[PDB]
file final_9.pdb (PDB, C-alpha atoms and all ligand atoms)
ATOM      1  CA  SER A   1     -36.916  17.960 135.409
ATOM      2  CA  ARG A   2     -33.707  19.457 136.888
ATOM      3  CA  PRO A   3     -32.020  17.556 139.822
ATOM      4  CA  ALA A   4     -32.892  19.531 142.947
ATOM      5  CA  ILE A   5     -30.173  18.697 145.479
ATOM      6  CA  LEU A   6     -27.329  18.874 142.972
ATOM      7  CA  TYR A   7     -28.671  22.292 141.981
ATOM      8  CA  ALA A   8     -28.956  23.522 145.583
ATOM      9  CA  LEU A   9     -25.333  22.476 146.194
ATOM     10  CA  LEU A  10     -23.952  24.189 143.116
ATOM     11  CA  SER A  11     -25.756  27.560 143.430
ATOM     12  CA  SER A  12     -25.656  27.882 147.251
ATOM     13  CA  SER A  13     -28.264  30.590 146.969
ATOM     14  CA  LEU A  14     -30.578  31.492 149.836
TER
ATOM     15  CA  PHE B   1       1.781  30.197 146.132
ATOM     16  CA  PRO B   2       0.804  26.443 146.070
ATOM     17  CA  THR B   3       1.242  24.143 143.042
ATOM     18  CA  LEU B   4      -1.860  22.845 141.263
ATOM     19  CA  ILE B   5      -0.917  19.215 141.902
ATOM     20  CA  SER B   6      -0.610  19.901 145.623
ATOM     21  CA  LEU B   7      -4.093  21.473 145.658
ATOM     22  CA  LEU B   8      -5.488  18.384 143.938
ATOM     23  CA  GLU B   9      -3.971  16.306 146.749
ATOM     24  CA  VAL B  10      -5.401  18.449 149.529
ATOM     25  CA  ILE B  11      -8.937  18.594 148.127
ATOM     26  CA  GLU B  12      -9.228  14.876 147.317
ATOM     27  CA  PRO B  13     -12.213  13.517 149.326
ATOM     28  CA  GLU B  14     -11.430  11.145 152.187
ATOM     29  CA  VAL B  15     -12.697   7.558 151.796
ATOM     30  CA  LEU B  16     -16.222   7.148 153.225
ATOM     31  CA  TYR B  17     -17.449   4.271 155.420
ATOM     32  CA  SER B  18     -20.677   2.568 154.355
ATOM     33  CA  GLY B  19     -21.887   1.652 157.839
ATOM     34  CA  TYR B  20     -23.030  -1.686 156.371
ATOM     35  CA  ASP B  21     -24.338  -4.065 159.040
ATOM     36  CA  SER B  22     -22.241  -7.249 158.727
ATOM     37  CA  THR B  23     -24.566  -8.912 161.279
ATOM     38  CA  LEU B  24     -27.360  -9.573 158.779
ATOM     39  CA  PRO B  25     -26.756 -11.978 155.843
ATOM     40  CA  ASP B  26     -25.969 -10.593 152.377
ATOM     41  CA  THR B  27     -28.605 -10.483 149.664
ATOM     42  CA  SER B  28     -28.280  -9.077 146.135
ATOM     43  CA  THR B  29     -30.964  -6.436 146.734
ATOM     44  CA  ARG B  30     -29.492  -5.408 150.075
ATOM     45  CA  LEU B  31     -25.942  -5.138 148.739
ATOM     46  CA  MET B  32     -26.907  -3.132 145.660
ATOM     47  CA  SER B  33     -29.045  -0.843 147.802
ATOM     48  CA  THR B  34     -26.122  -0.347 150.197
ATOM     49  CA  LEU B  35     -23.757   0.455 147.345
ATOM     50  CA  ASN B  36     -26.250   2.994 145.994
ATOM     51  CA  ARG B  37     -26.698   4.636 149.409
ATOM     52  CA  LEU B  38     -22.892   4.879 149.633
ATOM     53  CA  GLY B  39     -22.718   6.248 146.070
ATOM     54  CA  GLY B  40     -25.141   9.025 147.008
ATOM     55  CA  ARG B  41     -22.786  10.211 149.738
ATOM     56  CA  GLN B  42     -19.713   9.750 147.529
ATOM     57  CA  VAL B  43     -21.351  11.957 144.886
ATOM     58  CA  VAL B  44     -22.076  14.716 147.393
ATOM     59  CA  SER B  45     -18.391  14.465 148.304
ATOM     60  CA  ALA B  46     -17.515  14.808 144.618
ATOM     61  CA  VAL B  47     -19.691  17.888 144.202
ATOM     62  CA  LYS B  48     -17.984  19.600 147.153
ATOM     63  CA  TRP B  49     -14.704  18.537 145.523
ATOM     64  CA  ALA B  50     -15.639  20.032 142.160
ATOM     65  CA  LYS B  51     -16.577  23.356 143.784
ATOM     66  CA  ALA B  52     -13.008  23.561 145.127
ATOM     67  CA  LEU B  53     -11.413  22.377 141.888
ATOM     68  CA  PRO B  54      -9.256  25.215 140.444
ATOM     69  CA  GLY B  55     -10.979  26.401 137.275
ATOM     70  CA  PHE B  56     -14.289  24.667 137.748
ATOM     71  CA  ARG B  57     -16.171  27.582 139.346
ATOM     72  CA  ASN B  58     -15.577  29.724 136.228
ATOM     73  CA  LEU B  59     -17.879  27.531 134.108
ATOM     74  CA  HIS B  60     -21.489  28.592 133.691
ATOM     75  CA  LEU B  61     -23.659  27.098 136.431
ATOM     76  CA  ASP B  62     -25.483  25.016 133.811
ATOM     77  CA  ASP B  63     -22.199  23.625 132.501
ATOM     78  CA  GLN B  64     -21.291  22.611 136.045
ATOM     79  CA  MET B  65     -24.598  20.760 136.386
ATOM     80  CA  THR B  66     -24.024  19.166 133.006
ATOM     81  CA  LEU B  67     -20.488  17.882 133.559
ATOM     82  CA  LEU B  68     -21.314  16.443 136.985
ATOM     83  CA  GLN B  69     -24.459  14.709 135.689
ATOM     84  CA  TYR B  70     -22.621  13.297 132.689
ATOM     85  CA  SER B  71     -19.605  12.024 134.579
ATOM     86  CA  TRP B  72     -20.523  11.078 138.173
ATOM     87  CA  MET B  73     -20.416   7.372 137.405
ATOM     88  CA  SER B  74     -16.944   7.784 135.837
ATOM     89  CA  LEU B  75     -15.608   9.535 138.918
ATOM     90  CA  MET B  76     -17.029   6.944 141.290
ATOM     91  CA  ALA B  77     -15.889   3.958 139.237
ATOM     92  CA  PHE B  78     -12.418   5.420 138.793
ATOM     93  CA  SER B  79     -11.973   6.004 142.543
ATOM     94  CA  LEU B  80     -13.208   2.483 143.210
ATOM     95  CA  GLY B  81     -10.592   1.231 140.758
ATOM     96  CA  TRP B  82      -7.885   3.193 142.548
ATOM     97  CA  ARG B  83      -8.850   1.981 146.037
ATOM     98  CA  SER B  84      -9.096  -1.606 144.775
ATOM     99  CA  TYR B  85      -5.637  -1.333 143.182
ATOM    100  CA  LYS B  86      -4.120   0.248 146.280
ATOM    101  CA  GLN B  87      -5.607  -2.058 148.937
ATOM    102  CA  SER B  88      -5.715  -5.461 147.237
ATOM    103  CA  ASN B  89      -3.764  -5.129 143.987
ATOM    104  CA  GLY B  90      -6.996  -5.426 142.010
ATOM    105  CA  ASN B  91      -8.101  -8.731 143.603
ATOM    106  CA  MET B  92     -11.140  -7.421 145.502
ATOM    107  CA  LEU B  93     -13.463  -4.440 145.104
ATOM    108  CA  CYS B  94     -12.737  -2.082 148.028
ATOM    109  CA  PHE B  95     -15.907   0.023 148.016
ATOM    110  CA  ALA B  96     -15.245   1.156 151.579
ATOM    111  CA  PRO B  97     -12.877  -0.007 154.377
ATOM    112  CA  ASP B  98     -15.961  -1.624 155.948
ATOM    113  CA  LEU B  99     -17.321  -3.034 152.659
ATOM    114  CA  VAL B 100     -15.037  -5.234 150.555
ATOM    115  CA  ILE B 101     -16.479  -7.596 147.935
ATOM    116  CA  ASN B 102     -14.115 -10.538 147.385
ATOM    117  CA  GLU B 103     -14.283 -13.565 145.054
ATOM    118  CA  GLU B 104     -16.767 -15.332 147.338
ATOM    119  CA  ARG B 105     -19.238 -12.466 147.803
ATOM    120  CA  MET B 106     -19.445 -11.980 144.007
ATOM    121  CA  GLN B 107     -21.175 -15.365 143.626
ATOM    122  CA  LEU B 108     -24.481 -13.778 144.689
ATOM    123  CA  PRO B 109     -27.280 -13.613 142.058
ATOM    124  CA  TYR B 110     -26.880 -10.605 139.711
ATOM    125  CA  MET B 111     -23.570  -9.620 141.335
ATOM    126  CA  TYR B 112     -21.036 -11.538 139.267
ATOM    127  CA  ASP B 113     -21.476  -9.665 135.980
ATOM    128  CA  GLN B 114     -21.543  -6.177 137.469
ATOM    129  CA  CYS B 115     -18.500  -6.896 139.644
ATOM    130  CA  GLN B 116     -16.513  -8.226 136.661
ATOM    131  CA  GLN B 117     -17.092  -4.851 134.974
ATOM    132  CA  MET B 118     -15.797  -2.823 137.955
ATOM    133  CA  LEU B 119     -12.735  -5.047 138.287
ATOM    134  CA  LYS B 120     -11.705  -4.203 134.701
ATOM    135  CA  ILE B 121     -10.986  -0.637 135.785
ATOM    136  CA  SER B 122      -8.993  -1.912 138.720
ATOM    137  CA  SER B 123      -6.724  -4.167 136.681
ATOM    138  CA  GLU B 124      -5.985  -1.319 134.268
ATOM    139  CA  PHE B 125      -4.362   0.541 137.167
ATOM    140  CA  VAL B 126      -2.488  -2.687 137.951
ATOM    141  CA  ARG B 127      -1.260  -3.196 134.386
ATOM    142  CA  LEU B 128      -0.072   0.410 133.908
ATOM    143  CA  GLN B 129       1.220   0.823 137.492
ATOM    144  CA  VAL B 130      -0.498   4.250 137.738
ATOM    145  CA  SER B 131       0.859   6.729 140.294
ATOM    146  CA  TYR B 132      -1.174   8.853 142.707
ATOM    147  CA  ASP B 133      -0.472  12.090 140.847
ATOM    148  CA  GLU B 134      -1.311  10.491 137.500
ATOM    149  CA  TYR B 135      -4.566   9.238 139.038
ATOM    150  CA  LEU B 136      -5.510  12.641 140.469
ATOM    151  CA  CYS B 137      -5.115  14.361 137.095
ATOM    152  CA  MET B 138      -6.852  11.670 135.072
ATOM    153  CA  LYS B 139      -9.737  11.928 137.518
ATOM    154  CA  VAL B 140     -10.147  15.628 136.724
ATOM    155  CA  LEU B 141     -10.021  14.840 133.009
ATOM    156  CA  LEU B 142     -12.914  12.391 133.433
ATOM    157  CA  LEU B 143     -15.054  15.223 134.809
ATOM    158  CA  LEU B 144     -14.262  17.060 131.575
ATOM    159  CA  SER B 145     -14.614  14.169 129.155
ATOM    160  CA  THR B 146     -18.327  14.055 128.313
ATOM    161  CA  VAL B 147     -20.199  17.021 126.844
ATOM    162  CA  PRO B 148     -23.689  17.515 125.280
ATOM    163  CA  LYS B 149     -23.769  17.023 121.500
ATOM    164  CA  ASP B 150     -24.318  20.727 120.814
ATOM    165  CA  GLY B 151     -21.695  22.055 123.255
ATOM    166  CA  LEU B 152     -21.727  24.141 126.430
ATOM    167  CA  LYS B 153     -22.858  27.636 127.490
ATOM    168  CA  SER B 154     -19.210  28.600 128.110
ATOM    169  CA  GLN B 155     -17.096  26.522 125.726
ATOM    170  CA  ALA B 156     -14.524  29.328 126.066
ATOM    171  CA  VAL B 157     -13.641  28.511 129.688
ATOM    172  CA  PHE B 158     -14.174  24.763 129.360
ATOM    173  CA  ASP B 159     -11.474  24.405 126.699
ATOM    174  CA  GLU B 160      -8.988  26.340 128.833
ATOM    175  CA  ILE B 161      -9.654  24.211 131.946
ATOM    176  CA  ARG B 162      -9.375  21.001 129.916
ATOM    177  CA  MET B 163      -6.018  22.185 128.557
ATOM    178  CA  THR B 164      -4.641  23.108 131.996
ATOM    179  CA  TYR B 165      -5.350  19.611 133.333
ATOM    180  CA  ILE B 166      -3.910  17.917 130.248
ATOM    181  CA  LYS B 167      -0.729  19.914 130.878
ATOM    182  CA  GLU B 168      -0.951  18.840 134.522
ATOM    183  CA  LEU B 169      -1.157  15.161 133.627
ATOM    184  CA  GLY B 170       2.003  15.924 131.624
ATOM    185  CA  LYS B 171       3.894  17.232 134.668
ATOM    186  CA  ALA B 172       2.730  14.198 136.653
ATOM    187  CA  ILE B 173       4.145  11.785 134.065
ATOM    188  CA  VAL B 174       7.461  13.675 133.937
ATOM    189  CA  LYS B 175       7.710  13.707 137.749
ATOM    190  CA  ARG B 176       7.573   9.885 137.705
ATOM    191  CA  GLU B 177      10.438   9.417 135.273
ATOM    192  CA  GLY B 178      12.217  12.490 133.868
ATOM    193  CA  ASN B 179      12.384  14.054 130.400
ATOM    194  CA  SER B 180      12.875  10.852 128.312
ATOM    195  CA  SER B 181      10.903  10.240 125.098
ATOM    196  CA  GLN B 182       9.301   7.292 126.891
ATOM    197  CA  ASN B 183       7.355  10.156 128.497
ATOM    198  CA  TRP B 184       5.199  10.456 125.403
ATOM    199  CA  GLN B 185       4.691   6.674 125.268
ATOM    200  CA  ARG B 186       3.247   6.867 128.781
ATOM    201  CA  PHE B 187       1.082   9.851 127.834
ATOM    202  CA  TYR B 188      -0.340   7.671 125.049
ATOM    203  CA  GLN B 189      -1.070   4.748 127.362
ATOM    204  CA  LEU B 190      -2.780   6.951 129.954
ATOM    205  CA  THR B 191      -4.815   8.772 127.326
ATOM    206  CA  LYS B 192      -5.716   5.387 125.819
ATOM    207  CA  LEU B 193      -6.988   4.407 129.288
ATOM    208  CA  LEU B 194      -9.034   7.609 129.601
ATOM    209  CA  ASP B 195     -10.541   6.756 126.233
ATOM    210  CA  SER B 196     -11.414   3.177 127.133
ATOM    211  CA  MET B 197     -13.227   4.544 130.210
ATOM    212  CA  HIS B 198     -16.208   5.614 128.071
ATOM    213  CA  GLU B 199     -16.909   1.983 127.135
ATOM    214  CA  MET B 200     -16.272   0.553 130.652
ATOM    215  CA  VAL B 201     -18.405   3.224 132.342
ATOM    216  CA  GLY B 202     -21.091   2.816 129.661
ATOM    217  CA  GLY B 203     -21.419  -0.786 130.893
ATOM    218  CA  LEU B 204     -21.921   0.324 134.507
ATOM    219  CA  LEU B 205     -24.291   3.074 133.375
ATOM    220  CA  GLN B 206     -26.406   0.407 131.684
ATOM    221  CA  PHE B 207     -26.712  -1.745 134.804
ATOM    222  CA  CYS B 208     -27.507   1.400 136.771
ATOM    223  CA  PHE B 209     -30.325   2.481 134.453
ATOM    224  CA  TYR B 210     -31.660  -1.065 134.373
ATOM    225  CA  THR B 211     -31.813  -1.484 138.159
ATOM    226  CA  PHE B 212     -33.255   2.027 138.485
ATOM    227  CA  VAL B 213     -36.103   1.556 136.005
ATOM    228  CA  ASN B 214     -36.997  -2.088 136.669
ATOM    229  CA  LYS B 215     -38.915  -1.763 139.948
ATOM    230  CA  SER B 216     -39.313  -5.538 140.397
ATOM    231  CA  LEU B 217     -35.627  -5.894 141.404
ATOM    232  CA  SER B 218     -36.409  -3.760 144.485
ATOM    233  CA  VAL B 219     -33.046  -1.945 144.401
ATOM    234  CA  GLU B 220     -33.218   1.344 146.331
ATOM    235  CA  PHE B 221     -31.566   4.631 145.352
ATOM    236  CA  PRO B 222     -31.077   7.724 147.590
ATOM    237  CA  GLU B 223     -32.807  10.936 146.444
ATOM    238  CA  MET B 224     -29.514  12.526 145.359
ATOM    239  CA  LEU B 225     -28.840   9.788 142.781
ATOM    240  CA  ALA B 226     -32.505   9.236 141.851
ATOM    241  CA  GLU B 227     -32.954  12.882 140.838
ATOM    242  CA  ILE B 228     -29.735  12.765 138.786
ATOM    243  CA  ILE B 229     -30.377   9.381 137.156
ATOM    244  CA  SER B 230     -33.952  10.132 136.143
ATOM    245  CA  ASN B 231     -32.916  13.410 134.506
ATOM    246  CA  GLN B 232     -29.889  11.830 132.829
ATOM    247  CA  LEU B 233     -31.823   8.789 131.573
ATOM    248  CA  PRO B 234     -33.747  10.286 128.560
ATOM    249  CA  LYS B 235     -30.561  12.158 127.526
ATOM    250  CA  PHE B 236     -28.669   8.853 127.215
ATOM    251  CA  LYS B 237     -31.519   7.003 125.449
ATOM    252  CA  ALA B 238     -31.591   9.827 122.860
ATOM    253  CA  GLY B 239     -27.789   9.531 122.315
ATOM    254  CA  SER B 240     -27.388  13.337 122.706
ATOM    255  CA  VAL B 241     -24.077  12.865 124.519
ATOM    256  CA  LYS B 242     -20.601  13.163 122.999
ATOM    257  CA  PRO B 243     -17.362  11.624 124.405
ATOM    258  CA  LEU B 244     -14.162  13.651 123.946
ATOM    259  CA  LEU B 245     -11.547  11.155 122.779
ATOM    260  CA  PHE B 246      -7.774  11.595 122.570
ATOM    261  CA  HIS B 247      -7.463   8.926 119.854
ATOM    262  CA  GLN B 248      -8.989   7.145 116.861
TER
HETATM  263  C1  LIG A 301     -23.070  -2.090 138.430
HETATM  264  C2  LIG A 301     -23.638  -0.727 138.806
HETATM  265  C3  LIG A 301     -22.530   0.341 138.955
HETATM  266  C4  LIG A 301     -22.505   0.634 140.452
HETATM  267  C5  LIG A 301     -21.752   1.859 140.930
HETATM  268  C6  LIG A 301     -20.267   1.762 140.554
HETATM  269  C7  LIG A 301     -19.493   3.000 141.020
HETATM  270  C8  LIG A 301     -19.721   3.256 142.478
HETATM  271  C9  LIG A 301     -18.684   3.381 143.308
HETATM  272  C10 LIG A 301     -18.829   3.241 144.744
HETATM  273  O1  LIG A 301     -17.853   3.253 145.500
HETATM  274  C11 LIG A 301     -20.190   3.100 145.246
HETATM  275  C12 LIG A 301     -21.232   3.316 144.457
HETATM  276  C13 LIG A 301     -21.162   3.293 142.966
HETATM  277  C14 LIG A 301     -21.802   4.615 142.474
HETATM  278  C15 LIG A 301     -21.898   2.006 142.456
HETATM  279  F1  LIG A 301     -21.164   0.930 143.038
HETATM  280  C16 LIG A 301     -23.325   1.793 143.025
HETATM  281  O2  LIG A 301     -24.049   3.006 142.951
HETATM  282  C17 LIG A 301     -24.090   0.642 142.362
HETATM  283  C18 LIG A 301     -23.990   0.631 140.834
HETATM  284  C19 LIG A 301     -24.787   1.786 140.188
HETATM  285  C20 LIG A 301     -24.385  -0.726 140.177
HETATM  286  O3  LIG A 301     -23.828  -1.768 140.993
HETATM  287  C21 LIG A 301     -25.902  -0.872 140.146
HETATM  288  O4  LIG A 301     -26.608  -0.333 139.324
HETATM  289  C22 LIG A 301     -26.542  -1.635 141.281
HETATM  290  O5  LIG A 301     -27.604  -0.868 141.785
HETATM  291  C1  LIG A 302     -15.759  17.445 153.290
HETATM  292 AS1  LIG A 302     -15.380  15.645 152.519
HETATM  293  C2  LIG A 302     -13.559  15.131 153.044
HETATM  294  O1  LIG A 302     -16.823  14.715 152.949
HETATM  295  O2  LIG A 302     -15.402  15.927 150.773
END
call {"tool": "encode", "arguments": {"input": "final_9.pdb", "output": "structure tokens", "more": "lines below"}}
Ligand SMILES: C[C@@H]1C[C@H]2[C@@H]3CCC4=CC(=O)C=C[C@]4(C)[C@@]3(F)[C@@H](O)C[C@]2(C)[C@@]1(O)C(=O)CO
Ligand SMILES: C[As](C)(=O)[O-]
result
Amino acid sequence: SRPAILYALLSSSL
Amino acid sequence: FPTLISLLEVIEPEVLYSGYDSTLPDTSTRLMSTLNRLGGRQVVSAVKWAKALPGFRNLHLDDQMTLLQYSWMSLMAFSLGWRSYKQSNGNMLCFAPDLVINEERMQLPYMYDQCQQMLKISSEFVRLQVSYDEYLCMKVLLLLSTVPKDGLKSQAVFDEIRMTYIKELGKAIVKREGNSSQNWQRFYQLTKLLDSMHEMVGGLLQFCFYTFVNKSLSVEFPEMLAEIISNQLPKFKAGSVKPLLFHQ
């Protein structure tokens, strides 16, 4: 599915 | 108020060290694994770079994800080209200051073909004598040069960004030379280069997918890249990806 770390970095959302 | 070119200069990521251990002998698997581990970190650097890129944060989050997934290899290969051009005039691949692959090291099994590919990019910079500012702008364009076949969630904003950076490449060319009509000849050459990048990178992308999928080669990938590659892999097999060309 969707690439986790890249997503975490781009949203920054707690 | 700071110029856009000067922002591009300040936000450019600093060259990473690989921390390769030159004590142990080189093997194909080890080298490729090291390069991938380095790539992982370089990509994280590129993401942080994108988030500070003027314009970029206005895109929809999903468009951000898309452009970075579609173009990470271009960004990395292009930077490699630049470093190789700057440090060795295109003679060696300068992955990191502590990891330089020269003529001799390329003779390893599997290495020769892939290295020949990456050197092509380098010699392009050599041929065209690209300047730093030209490079910085072209690099941004690469981020914005591959889109899904049925467009983006915020095509509005995308097209504006793309246009700003094209204009910027313009200023960079002018700054090298003045307002001659050789200026548009240069613009052609540099846009021709940007175009030829889809083919060159496509080559690298193929080796990457091959070494990722074919477990018997024992090449390792860090989680960052693995997640991205495995998501991006079906999308490329299904040819659902569209290059934006400047030419015919
Ligand atoms: C030929 C391909 C293209 C290679 C990439 C070329 C671009 C790049 C620039 C770097 O400064 C370091 C890592 C990367 C991002 C890379 F060098 C490695 O990841 C290994 C890589 C995918 C490859 O060598 C392999 O698939 C071997 O695993
Ligand atoms: C914060 As950096 C210079 O690793 O992109």
call {"tool": "resolve_selection", "arguments": {"input": "final_9.pdb", "expression": "the PyMOL selection byres ((chain B) within 12 of (chain A and not hetatm))", "output": "ChimeraX atom specification"}}
result
/B:40-41,43-52,56-57,59-69,72,222-235
call {"tool": "closest_atom_pairs", "arguments": {"input": "final_9.pdb", "of": "chain B", "to": "ligand LIG 301 (chain A)", "cutoff": "7 Å", "atoms": "only C-alpha atoms and all ligand atoms", "output": "Markdown table"}}
result
| residue | atom | partner | partner_atom | distance |
| --- | --- | --- | --- | --- |
| B:32 | CA | A:LIG301 | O5 | 4.5 |
| B:33 | CA | A:LIG301 | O5 | 6.2 |
| B:35 | CA | A:LIG301 | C16 | 4.5 |
| B:36 | CA | A:LIG301 | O2 | 3.8 |
| B:38 | CA | A:LIG301 | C11 | 5.5 |
| B:39 | CA | A:LIG301 | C12 | 3.7 |
| B:73 | CA | A:LIG301 | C7 | 5.7 |
| B:76 | CA | A:LIG301 | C9 | 4.4 |
| B:77 | CA | A:LIG301 | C7 | 4.1 |
| B:80 | CA | A:LIG301 | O1 | 5.2 |
| B:95 | CA | A:LIG301 | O1 | 4.5 |
| B:96 | CA | A:LIG301 | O1 | 6.9 |
| B:114 | CA | A:LIG301 | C1 | 4.5 |
| B:115 | CA | A:LIG301 | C1 | 6.7 |
| B:118 | CA | A:LIG301 | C6 | 6.9 |
| B:204 | CA | A:LIG301 | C3 | 4.5 |
| B:205 | CA | A:LIG301 | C3 | 6.5 |
| B:207 | CA | A:LIG301 | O4 | 4.7 |
| B:208 | CA | A:LIG301 | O4 | 3.2 |
| B:209 | CA | A:LIG301 | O4 | 6.7 |
| B:211 | CA | A:LIG301 | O4 | 5.5 |
| B:219 | CA | A:LIG301 | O5 | 6.1 |
call {"tool": "write_last_selection", "arguments": {"input": "final_9.pdb", "atoms": "C-alpha atoms", "output": "short mmCIF file (atom, residue, chain, number, x, y, z; two decimals), in the coordinates of the input"}}
result
data_model
loop_
_atom_site.label_atom_id
_atom_site.label_comp_id
_atom_site.auth_asym_id
_atom_site.auth_seq_id
_atom_site.Cartn_x
_atom_site.Cartn_y
_atom_site.Cartn_z
CA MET B 32 -26.91 -3.13 145.66
CA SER B 33 -29.04 -0.84 147.80
CA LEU B 35 -23.76 0.46 147.34
CA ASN B 36 -26.25 2.99 145.99
CA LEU B 38 -22.89 4.88 149.63
CA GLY B 39 -22.72 6.25 146.07
CA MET B 73 -20.42 7.37 137.40
CA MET B 76 -17.03 6.94 141.29
CA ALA B 77 -15.89 3.96 139.24
CA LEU B 80 -13.21 2.48 143.21
CA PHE B 95 -15.91 0.02 148.02
CA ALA B 96 -15.24 1.16 151.58
CA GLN B 114 -21.54 -6.18 137.47
CA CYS B 115 -18.50 -6.90 139.64
CA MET B 118 -15.80 -2.82 137.96
CA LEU B 204 -21.92 0.32 134.51
CA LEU B 205 -24.29 3.07 133.38
CA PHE B 207 -26.71 -1.74 134.80
CA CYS B 208 -27.51 1.40 136.77
CA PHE B 209 -30.32 2.48 134.45
CA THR B 211 -31.81 -1.48 138.16
CA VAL B 219 -33.05 -1.94 144.40
#
call {"tool": "residues_around", "arguments": {"input": "final_9.pdb", "residues": "stretch 171-182 of chain B", "least_positions_apart": "6", "cutoff": "12 Å", "atoms": "only C-alpha atoms", "output": "list in words"}}
result
residues 3, 4, 5, 6, 8, 129, 130, 131, 132, 133, 134, 135, 136, 137, 138, 164, 165, 188, 189, 190 and 191 of chain B
call {"tool": "closest_residue", "arguments": {"input": "final_9.pdb", "among": "B:107, B:218, B:42, B:206", "to": "ligand LIG 302 (chain A)", "atoms": "all atoms listed in the file"}}
result
B:42
call {"tool": "residues_around", "arguments": {"input": "final_9.pdb", "residues": "residue B:20", "least_positions_apart": "3", "cutoff": "9 Å", "atoms": "all atoms listed in the file", "output": "number ranges by chain"}}
result
B: 17, 23, 31, 34, 98-99
call {"tool": "residues_around", "arguments": {"input": "final_9.pdb", "residues": "stretch 236-245 of chain B", "least_positions_apart": "3", "cutoff": "9 Å", "atoms": "all atoms listed in the file", "output": "list in words"}}
result
residues 70, 144, 145, 146, 147, 148, 149, 150, 151, 191, 192, 194, 195, 198, 232, 233 and 248 of chain B
call {"tool": "atom_distance", "arguments": {"input": "final_9.pdb", "atom1": "atom CA of residue B:201", "atom2": "atom CA of residue B:25"}}
result
29.2 Å
call {"tool": "atom_distance", "arguments": {"input": "final_9.pdb", "atom1": "atom CA of residue B:79", "atom2": "atom CA of residue B:217"}}
result
26.5 Å
call {"tool": "closest_residue", "arguments": {"input": "final_9.pdb", "among": "B:2, B:26, B:13, B:153", "to": "ligand LIG 302 (chain A)", "atoms": "all atoms listed in the file"}}
result
B:13
call {"tool": "resolve_selection", "arguments": {"input": "final_9.pdb", "expression": "the PyMOL selection byres (((chain B and resi 119) around 8) and not hetatm)", "output": "short mmCIF file (atom, residue, chain, number, x, y, z; two decimals) with C-alpha atoms, keeping the file's coordinate frame"}}
result
data_model
loop_
_atom_site.label_atom_id
_atom_site.label_comp_id
_atom_site.auth_asym_id
_atom_site.auth_seq_id
_atom_site.Cartn_x
_atom_site.Cartn_y
_atom_site.Cartn_z
CA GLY B 81 -10.59 1.23 140.76
CA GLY B 90 -7.00 -5.43 142.01
CA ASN B 91 -8.10 -8.73 143.60
CA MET B 92 -11.14 -7.42 145.50
CA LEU B 93 -13.46 -4.44 145.10
CA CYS B 115 -18.50 -6.90 139.64
CA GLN B 116 -16.51 -8.23 136.66
CA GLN B 117 -17.09 -4.85 134.97
CA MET B 118 -15.80 -2.82 137.96
CA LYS B 120 -11.70 -4.20 134.70
CA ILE B 121 -10.99 -0.64 135.78
CA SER B 122 -8.99 -1.91 138.72
CA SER B 123 -6.72 -4.17 136.68
#
call {"tool": "atom_distance", "arguments": {"input": "final_9.pdb", "atom1": "atom CA of residue B:161", "atom2": "atom CA of residue B:203"}}
result
27.6 Å
call {"tool": "closest_residue", "arguments": {"input": "final_9.pdb", "among": "B:28, B:87, B:102, B:155", "to": "residue B:58", "atoms": "only C-alpha atoms"}}
result
B:155
call {"tool": "axis_aligned_box", "arguments": {"input": "final_9.pdb", "around": "ligand LIG 302 (chain A)", "padding_each_side": "5 Å", "output": "AutoDock Vina command-line options"}}
result
--center_x -15.2 --center_y 16.1 --center_z 152.0 --size_x 13.3 --size_y 12.7 --size_z 12.5
call {"tool": "decode", "arguments": {"input": "final_9.pdb", "residues": "stretch 5-14 of chain A", "atoms": "N, CA and C atoms", "output": "CSV table (one decimal), in the first residue's frame"}}
result
chain,number,residue,atom,x,y,z
A,5,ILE,N,6.9,5.9,5.8
A,5,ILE,CA,7.8,6.9,6.3
A,5,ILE,C,7.6,8.2,5.5
A,6,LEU,N,7.6,8.0,4.1
A,6,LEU,CA,7.4,9.2,3.3
A,6,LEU,C,6.2,9.9,3.7
A,7,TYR,N,5.1,9.2,4.0
A,7,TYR,CA,3.9,9.8,4.4
A,7,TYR,C,4.0,10.5,5.7
A,8,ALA,N,4.6,9.9,6.7
A,8,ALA,CA,4.8,10.5,8.0
A,8,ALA,C,5.6,11.8,7.8
A,9,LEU,N,6.6,11.8,7.0
A,9,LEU,CA,7.4,13.0,6.8
A,9,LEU,C,6.6,14.2,6.2
A,10,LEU,N,5.7,13.8,5.3
A,10,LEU,CA,5.0,14.9,4.5
A,10,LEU,C,3.8,15.5,5.2
A,11,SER,N,3.2,14.7,6.1
A,11,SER,CA,2.0,15.2,6.8
A,11,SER,C,2.4,15.8,8.2
A,12,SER,N,3.3,15.2,8.9
A,12,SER,CA,3.9,15.7,10.1
A,12,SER,C,2.9,15.7,11.3
A,13,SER,N,1.9,14.8,11.1
A,13,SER,CA,0.7,15.0,12.0
A,13,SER,C,0.8,14.0,13.1
A,14,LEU,N,0.6,14.5,14.3
A,14,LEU,CA,0.7,13.7,15.6
A,14,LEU,C,-0.5,12.8,15.6
